[PDB]
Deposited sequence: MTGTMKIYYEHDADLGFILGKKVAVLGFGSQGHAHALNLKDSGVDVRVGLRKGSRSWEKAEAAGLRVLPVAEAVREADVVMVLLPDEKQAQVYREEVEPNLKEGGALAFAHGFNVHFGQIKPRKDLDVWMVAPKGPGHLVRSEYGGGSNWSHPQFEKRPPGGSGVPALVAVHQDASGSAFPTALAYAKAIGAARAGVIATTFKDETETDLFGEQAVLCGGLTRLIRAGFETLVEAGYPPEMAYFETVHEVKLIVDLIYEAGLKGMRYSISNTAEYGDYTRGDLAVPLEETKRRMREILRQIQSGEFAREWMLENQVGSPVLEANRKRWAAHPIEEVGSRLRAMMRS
C-alpha cells in the first residue's frame, strides 16, 4: 500500500490558494491554525454571533459568514458534523464556490453516500488525520491537479510527517463506520457492560466490578497501542496471558462474532445504515436521544463517577 512523505508533497500546490475552513470544532481549529502557520491564506466561515466565531477571532484568524468565506476561496474544507454538511453545501457552498474550485473534507460520508453531489467542475478530495499519519483521497479531479493539491494540504497541516496513505472515500467511510460500530464503540461498550453486570449480579462490589471491567482497560490498550497484541501479552503476567489465551474465545467466539460483524458491514456497504441515520436526523433524532438517556442511567455510571471523584 502506497505511502507518501513530506518530500513527496509540494507546498506550491496550496500556498498559492485561498482556503475556507467551514466549522471550528477541534478539527476546524487544528486545520485552520496549522494552515496559517504554514503560511497559507486561510479564513474560517462561521455563523455570526456563534461561540466558535468569537473563539476563532481570539486565535487570531480571519472570520467571515459562510457565504462570504466561500466566495473568497479557491479551496473549501468542510469540517462540520456529517448531518449538517448537506444543507450547508446546498444553500451556501454550491452557489458561491468558483468554477473549477476545490471542495475538501476530512470524512467521506457525505460524498460517498450521496448526501452531497458535487458540481462536475469541482475538485473533490479528502485529508483525514488520525506521529499522526493521515489518509488522502480524491473523489473527483476536474482540474487535473486534485491529488498534488490534497498532498500539499496534508503537509501544510502537518500530517505528512508520519506518512500519508492513499485511499478512497469508500474505504475511509466504510471502515470508519465499521470500526465504530463493531469494535471501538459499539462492541467495546457491550463487552464492558456485560462483564460489569456479570460481576455485580454474582455478588461482587460494584466498585471492584468497575475496576476490573472498565478502569483497567486503559492499561491493556496502552500496551496494544505501543506494541500490538504480542507486546501486550508479553507485559502482563503469565497468569493473565494464560487466561486470555484460554478463555477469550469463550467470551467472544470467533465465527459467531464475525458472522454478526459481516451483517454490520453489510448494512454499511448497502447504504442502509446511511439511510437510517439520515432519516433519524429528519425527525429530531429520537432514537439517539432515547438511547442516550437510558445509558446515562446505567448503574455503571454512578459507580464510575464516584470512583473517578475519589481518585
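A.B. asks: List the gaps, meaning deposited-sequence segments with no CA coordinates, ordered along the sequence.
C.D. replies: Sequence ranges with no C-alpha atoms are 1 to 4, 135 to 163, 345 to 346.
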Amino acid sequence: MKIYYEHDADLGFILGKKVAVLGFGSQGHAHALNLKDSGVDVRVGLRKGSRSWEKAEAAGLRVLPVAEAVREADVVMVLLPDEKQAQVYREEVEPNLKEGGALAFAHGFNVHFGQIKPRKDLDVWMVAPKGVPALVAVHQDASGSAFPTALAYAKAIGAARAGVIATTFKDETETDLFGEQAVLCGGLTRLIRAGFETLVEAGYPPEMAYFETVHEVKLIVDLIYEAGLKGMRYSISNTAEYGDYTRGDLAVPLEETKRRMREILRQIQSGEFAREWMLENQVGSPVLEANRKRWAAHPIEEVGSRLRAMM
From here on, numbers count along this sequence of modelled residues.
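A.B. asks: Out of 271 to 279 and 31 to 39, which stretch has the higher average CA B-factor listed in the record?
C.D. replies: Averaging CA B-factors over each stretch, the winner is 31 to 39.
A.B. asks: Taking the recorded C-alpha temperature factors, which stretch has the higher mean, 236 to 244 or 221 to 229?
C.D. replies: Looking at the recorded C-alpha B-factors, 221 to 229 comes out higher on average.
A.B. asks: By the entry's C-alpha temperature factors, tell me which of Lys170, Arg90, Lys117, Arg190 sits highest.
C.D. replies: Among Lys170, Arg90, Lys117, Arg190, the highest C-alpha B-factor in the entry belongs to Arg90.
A.B. asks: Between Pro253, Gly49, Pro286, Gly60, which carries the biggest CA temperature factor in the record?
C.D. replies: Reading the PDB entry, the winner on C-alpha B-factor is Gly60.
A.B. asks: Is the Cα B-factor recorded for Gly179 in the lowest, middle or highest third of its chain?
C.D. replies: Lowest third - that is where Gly179 ends up once the chain's C-alpha B-factors are sorted.
A.B. asks: Taking the chain's C-alpha temperature factors as the reference, tell me which third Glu201 falls into: lowest, middle or highest.
C.D. replies: It falls in the bottom third of the chain.
A.B. asks: Taking the entry's C-alpha B-factors for this chain, is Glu207 in the lowest, middle or highest third?
C.D. replies: For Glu207, whose C-alpha B-factor we compare with every modelled residue in the chain, the answer is the middle third.
A.B. asks: Taking the entry's C-alpha B-factors for this chain, is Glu216 in the lowest, middle or highest third?
C.D. replies: As the PDB entry reports it, the C-alpha B-factor of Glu216 lands in the lowest third of its chain.
A.B. asks: Splitting the chain's C-alpha B-factors into thirds, which one does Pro133 fall into?
C.D. replies: As the PDB entry reports it, the C-alpha B-factor of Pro133 lands in the highest third of its chain.
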